[PDB]
Amino acid sequence: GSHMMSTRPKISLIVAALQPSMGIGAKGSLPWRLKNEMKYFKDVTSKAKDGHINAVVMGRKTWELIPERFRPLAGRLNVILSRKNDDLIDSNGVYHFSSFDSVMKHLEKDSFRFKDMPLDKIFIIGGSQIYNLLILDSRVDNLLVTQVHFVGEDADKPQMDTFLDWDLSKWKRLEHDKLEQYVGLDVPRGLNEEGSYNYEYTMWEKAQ
Amino acid sequence: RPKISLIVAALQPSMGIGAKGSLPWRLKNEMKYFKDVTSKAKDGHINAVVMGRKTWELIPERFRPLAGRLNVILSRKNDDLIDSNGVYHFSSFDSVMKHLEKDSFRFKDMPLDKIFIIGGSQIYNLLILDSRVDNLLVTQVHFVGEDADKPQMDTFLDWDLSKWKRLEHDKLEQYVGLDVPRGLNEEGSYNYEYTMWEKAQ
Ligand SMILES: NC(=O)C1=CN([C@@H]2O[C@H](COP(=O)(O)OP(=O)(O)OC[C@H]3O[C@@H](n4cnc5c(N)ncnc54)[C@H](OP(=O)(O)O)[C@@H]3O)[C@@H](O)[C@H]2O)C=CC1
Ligand SMILES: NC(=O)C1=CN([C@@H]2O[C@H](COP(=O)(O)OP(=O)(O)OC[C@H]3O[C@@H](n4cnc5c(N)ncnc54)[C@H](OP(=O)(O)O)[C@@H]3O)[C@@H](O)[C@H]2O)C=CC1
Ligand SMILES: CC1(C)NC(N)=NC(N)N1c1ccc(Cl)cc1
Ligand SMILES: CC1(C)NC(N)=NC(N)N1c1ccc(Cl)cc1
Ligand SMILES: CC1(C)NC(N)=NC(N)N1c1ccc(Cl)cc1
Ligand SMILES: CC1(C)NC(N)=NC(N)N1c1ccc(Cl)cc1
């Protein structure tokens, strides 16, 4: 049909955000190490329909936070955004593009395929500048937000300096079963506990 | 330099903007859009609002200056001074732009993000010919009541829109920095739509 079509991959913003501030960063890096949350990130961004592959799209600084031994993130099309990029694909298969608009156009011309595999989902994986722009892009279909809560001792609280500029009243939180349907995986329900943190996996779609 | 916008709400197709020193309609959500847009700035930045002397006088004194924004008022009779509240009383757009630039486009150590020209008709009709204006933010207002109740207006834009081109909605949102309703909004006997325009070239 013409409503909620399938002519391009769905686009998700996926982030882990500290409540209530939507804090995401401290001194240029991630303020917590949540082992199972990072497993969820890998599992979700890698899970694709048979014979498909997903993309991960990120700002240049977030790319630079990934240890070199991890690059490019395995099993996914990696796209890096930098204003001076030349919209080229390098010898490692990494896409270096100058805007989200430019990479979306290039993928469409290639039939949303990457090395003879169709794309399933496109995930925007950070960082702050990219999230603050793309929350306004009408093409974004949903948010995958891990809501992170610090429950430890006051001395151990994370010292945050970077926050999402997102208006969640423009979005609506979905039922857990809808999250599972979208990501293609069984997902823990409710609060998960690790160390000094609790966290919950959530999915949001546009309001109204 | 900061980008410069003319921001206006105008009745279609006459481009009427006022009647007897007030707006011809009472649209609470449209006024909130104006407030949200003109106040939305990058962290540590501030926006300016530039207006003619007569529109300044229409703001109730208790609400002057418009909070959270650098207020500039144009009157041929101003001495180019900054008052105790930080209000810029300037004699021309020229003079205030040259002063802001000599200050590195900063106000109290905050860089200017955007400069908004907020009316009224005399300022709009002059400044739409100023090469420094980058875009128009036009709320297109439509009267949708009965013919017997159609509004009277006394003040109008004189704009040649053939010199401008309307942008897609996502470009409006990116510029103003906010998620903005698309298409026609309804309040009472009026519908209205938020639009953005750049120079046609
Ligand atoms: N889930 C979480 O909690 C996450 C948190 N983060 C946090 O985010 C922070 C880093 O965010 P940030 O510093 O904003 O860096 P980003 O990862 O957003 O990369 C910023 C760079 O992206 C490029 N860029 C920005 N806007 C555009 C554009 N419109 N078009 C093209 N390229 C663009 C520029 O690269 P150039 O300068 O080369 O032009 C800019 O310097 C860190 O604290 C990190 O920990 C990161 C990911 C997820
Ligand atoms: N719908 C909308 O979006 C808006 C509607 N309005 C409506 O517009 C009407 C008011 O508009 P208008 O009557 O045109 O008044 P303006 O707000 O344009 O103020 C006109 C005054 O601006 C000063 N001025 C004009 N040209 C110059 C210049 N070249 N250099 C310096 N100063 C200058 C003069 O002040 P002096 O005489 O002191 O020199 C002049 O009297 C009202 O009905 C109001 O409600 C107002 C704003 C927006
Ligand atoms: C925080 C984490 C691990 N979890 C999550 N839910 N969303 C995102 N984007 N995440 C992330 C992924 C890759 C990079 Cl390089 C930086 C941060
Ligand atoms: C690659 C990812 C998500 N997966 C993993 N297993 N370990 C780490 N450190 N990871 C990471 C996390 C945050 C940032 Cl900012 C950059 C890379
Ligand atoms: C009409 C309104 C509220 N909405 C809009 N879109 N543009 C402008 N300039 N507006 C306005 C703002 C302040 C003043 Cl004092 C007079 C009119
Ligand atoms: C600027 C604004 C919205 N803010 C406020 N607090 N009160 C009033 N009257 N305002 C107003 C509305 C229309 C016109 Cl023509 C002039 C000023």
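Line by line, the protein sequences are chains A and B. Read in the entry's author numbering, the first sequence has 99 at position 104, and its numbers run on one by one without any break. Take any residue in the second sequence, note its place counting from 1, add 2, and you have its number in the entry's author numbering. Think of the CB as a built atom: it goes at the ideal place given N, C-alpha and C, for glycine as much as any other residue.
Item, Value
"Please name the residue in B/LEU129, B/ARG64, B/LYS5 whose C-alpha comes closest to that of B/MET53.", "B/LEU129"
"When you measure from the CB of B/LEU13 to every non-hydrogen atom of ligand 8, does any distance come out below 8 Å?", "In the structure on display, ligand 8 does not appear, and the ligands it does have are ligand 1, ligand 2, ligand 3, ligand 4, ligand 5 and ligand 6."
"Any heavy atom of ligand 4 within a distance shorter than 8 Å of the CB on A/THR157?", "no"
"Which partner residues of A/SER24 appear in the DSSP bridge assignment?", "A/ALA21"
"Among B/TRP27, B/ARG108, B/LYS5, B/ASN31, which residue has its Cα nearest to the Cα of B/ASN187?", "B/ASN31"
"Give me the chain A residues within the contact set of B/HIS171, using Cβ-Cβ distance strictly less than 8 Å, ordered along the chain.", "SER133"
"When every heavy atom of ligand 4 is checked, does at least one fall within less than 8 Å of the C-beta of A/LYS37?", "yes"
"Whose beta carbon lies closer than 5 Å to any heavy atom of ligand 1, going through the chain in order?", "A/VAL10, A/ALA11, A/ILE19, A/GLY20, A/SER24, A/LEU25, A/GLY54, A/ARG55, A/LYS56, A/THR57, A/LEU76, A/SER77, A/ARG78, A/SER94, A/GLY121, A/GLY122, A/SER123, A/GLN124, A/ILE125, A/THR157"
"Who are the Cβ neighbours of A/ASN193 in its own chain at under 6 Å, not counting the five residues just before and after it?", "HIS144, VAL146, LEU186"
"Report the three-state DSSP secondary structure of residue 227 of chain A (helix, strand or coil).", "A query on residue 227 of chain A cannot be resolved here, the shown segment of chain A reaching from -4 to 203 and no further."
"Under three-state DSSP, which class holds B/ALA12?", "strand"
"I'd like to check one pair, A/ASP162 with B/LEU180: are the Cβ atoms closer than 9 Å?", "yes"
"Report, in whole angstroms, the separation of the C-beta atoms of residue 1 of chain B and B/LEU138, which I expect to be a contact under 8 Å.", "An answer regarding residue 1 of chain B cannot be provided, because it is not within the stretch 3 to 203 covered by chain B."
"Consult DSSP for A/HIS(-2) and reduce its assignment to one of helix, strand or coil.", "coil"
"Cutting at 7 Å between CB atoms, please list the residues of its own chain near B/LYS100, excluding the five before and the five after it.", "none"
"Per DSSP, A/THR197 forms a beta bridge with which residues?", "A/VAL140"
"Tell me the rounded alpha-carbon separation between A/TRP199 and A/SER24.", "25 Å"
"Any idea if B/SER123 is buried or exposed, counting beta-carbon neighbours within 10 angstroms, 16 or more meaning buried?", "buried"
"Taking Cβ positions only, does B/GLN176 come closer than 9 Å to chain A?", "yes"
"Quick one: residues in its chain with C-beta nearer than 6 Å to the C-beta of A/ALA43, no 5 flanking neighbours on either side, listed in chain order?", "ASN49, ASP115"
"Report yes if the CB atom of B/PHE118 is closer than 9 Å to the CB atom of B/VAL182, and no otherwise.", "no"
"Mark B/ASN87 as exposed unless 16 or more other C-beta atoms lie within 10 angstroms of its C-beta, in which case mark it buried.", "exposed"
"Tell me whether the beta-carbon of A/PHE107 lies closer than 9 Å to the beta-carbon of A/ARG3.", "yes"
"Using CA coordinates, which residue listed in B/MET155, B/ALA11, B/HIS47, B/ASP172 is at the minimum distance from B/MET33?", "B/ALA11"
"If you follow the beta strand (DSSP E) that B/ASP156 is part of, which residue opens it and which one closes it?", "Neither: B/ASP156 is in no beta strand (DSSP E) and is coded neither H nor E."
"In the DSSP assignment, find the unbroken beta strand (DSSP E) run with B/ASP115 in it and report its ends.", "112 to 119"
"Closer than 8 Å by C-beta to B/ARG168: which residues in its own chain qualify, once you throw out the five before and the five after it? Chain order, please.", "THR197, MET198, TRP199"
"In the DSSP assignment, find the unbroken beta strand (DSSP E) run with A/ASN80 in it and report its ends.", "Unbroken run through A/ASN80: none, as it is neither H nor E."
"Check the Cβ of A/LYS100 against every Cβ in chain B and list those closer than 8 Å, keeping chain order.", "Chain B residues near A/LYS100: none, gap ~14 Å exceeds 8 Å."
"Take the Cβ of B/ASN127 as the centre, count every other Cβ of all protein chains shown within 10 Å, and call the residue buried at 16 or more, exposed below.", "exposed"
"Would you list the residues sitting across from A/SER93 in a DSSP beta bridge?", "Bridge partners of A/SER93: none, in fact."
"If distances are taken between C-alpha atoms only, which option among B/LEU13, B/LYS22, B/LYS5, B/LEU29 comes closest to B/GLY190?", "B/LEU29"
"If you measure from the CB of A/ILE117, is any heavy atom of ligand 3 nearer than 8 Å?", "no"
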